[PDB]
Amino acid sequence: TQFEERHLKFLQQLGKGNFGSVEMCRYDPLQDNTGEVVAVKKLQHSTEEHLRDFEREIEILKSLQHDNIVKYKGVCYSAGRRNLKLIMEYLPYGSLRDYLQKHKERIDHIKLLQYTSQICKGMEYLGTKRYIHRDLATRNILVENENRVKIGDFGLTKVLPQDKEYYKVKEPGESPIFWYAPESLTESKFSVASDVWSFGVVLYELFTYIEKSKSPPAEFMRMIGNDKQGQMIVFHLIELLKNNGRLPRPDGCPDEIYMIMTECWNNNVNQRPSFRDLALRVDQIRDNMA
Ligand SMILES: O=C1N=Cc2nc(-c3c(F)cccc3F)cc(Nc3ccc(C(=O)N4CCCC4)cc3)c21
């Protein structure tokens, strides 16, 4: 179904991605405040390239039907400018980053492994359609309810070429460098295996309970030295990762799960596990616990 702009009532700001801005809106065509509450993404600046990149994101999300990926509802077109609005489902519990930071240890290990399994399954499905997410982090995972999370923001997602198994970005923008694999830092190569590296950093995030001093930015900056600034942070991070400098074992993190993190953080690209293996292994761990 099509979404008319006039009937889309603003309620509040939800957040901001890399490029866009996400709002909570009511699609109220009857004009009695009874209509459907939805999430609405729109571009902040609407650049020459960004409008084409945002169209690509819309087509990516529209083609993904999975329980652990956020649901495309529609689009809303406007005027001669052709300014696009992406209509998505509203997930009321917010980002997994904020949700987990609010509750902390009251979310037990069994709940974290359920979220871990769901993130794997979402990512494995994403891999079958040859999409590389390039931004897997707890701020981009969203909570539908207490037993269910979904992968949210596909703003930096790229389609692989037919002949190749990496995407090489030539002119990169803002980059989450503390979630990036060494090959992404050195050569700007992004593949399924570099998304697996980022999944390891998500598993770290989850088992740290989003403690501020224990975050990947905080910990990597401690190892390289807080004195490092700008492009020198990238230089010294590359050398650290090349010499087996890793994020530490989180407080009270079990053995099996810390082993998964480190296998994901392998300098050898081909030795990293597949998302199919990671979903099986995490499910086996949950079966053993419960
Ligand atoms: O529902 C959604 N559909 C898509 C979508 N994207 C994002 C998103 C993202 F994925 C990446 C970056 C930035 C973003 F905003 C967030 C989002 N929902 C919510 C965001 C914040 C709250 C919340 O903490 N609240 C609400 C009031 C009291 C506290 C609740 C919901 C949705």
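All residue numbers refer to positions in the sequence shown, counting from 1. Just so you know, ligand 1 is whichever comes first in the structure, and atom 1 is the first atom listed for that ligand.
The two residues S213 and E219 make their nearest non-hydrogen contact at O-CG, 4.2 Å. Taking all atoms of both residues into account, the shortest heavy-atom contact from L113 to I285 is CD1-CG2, 3.8 Å.
Every residue meeting the side-chain contact (heavy atoms from CB on, under 4.5 Å) condition with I141, not counting sequence neighbours, appears here in chain and number order: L96, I119, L136, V149, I151. Applying the salt bridge (charged side-chain N to carboxylate O under 4.0 Å, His left out) criterion to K121, with sequence neighbours excluded, gives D283.
The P92 neighbourhood of ligand 1 comprises atoms 30 (C), with distances under 4.0 Å to a heavy atom of that residue. Close approach of ligand 1 to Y90 (heavy-atom distance below 4.0 Å) involves ligand atoms 1 (O), 31 (C). Atoms of ligand 1 lying under 4.0 Å from any heavy atom of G15, numbered from 1 in the order shown and given with element: 15 (F). Within the listing of ligand 1, atoms 1 (O), 2 (C), 3 (N), 4 (C) sit less than 4.0 angstrom from a heavy atom of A39. Near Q12, meaning under 4.0 Å from any of its heavy atoms, are these atoms of ligand 1: 26 (C), 27 (C). For ligand 1, the atoms lying closer than 4.0 Å to a non-hydrogen atom of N140 are 11 (C).
When ring centroids are compared, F275 and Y125 stay outside the 6.0 Å threshold.
Between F207 and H109, the ring planes are tilted. Angles from 30° to 60° get that label.
For atom 22 (C) of ligand 1, the candidate residues are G155, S95, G94; the nearest heavy-atom contact is made by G94.
In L142, the part holding a heavy atom less than 4.0 Å from any atom of ligand 1 is the side chain. When heavy-atom distances to ligand 1 are checked against a 4.0 Å cut-off, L14 comes that close through both its backbone and its side chain.
Of the N or O atoms in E89, one or more lie within a sub-3.5 Å distance of an N or O in ligand 1. For ligand 1, the polar-atom distance check finds an N/O of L91 within less than 3.5 Å of one of the ligand's N/O atoms.
For the ligand labelled ligand 1, residue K41 lies outside the 4.0 Å heavy-atom shell.
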TODO: Begin with the C-alpha distance, continue with both residues' side-chain angles, and end with the deciding distance and a verdict on salt bridge (charged side-chain N to carboxylate O under 4.0 Å, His left out) for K228 and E239.
DONE: CA-CA 13 Å; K228 306 305 190 295; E239 297 299 308; over 6 Å; no

TODO: Evaluate the criterion salt bridge (charged side-chain N to carboxylate O under 4.0 Å, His left out) for residue pair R139 and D153; output intermediate values, then yes/no.
DONE: CA-CA 9 Å; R139 73 196 306 97; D153 184 27; over 6 Å; no

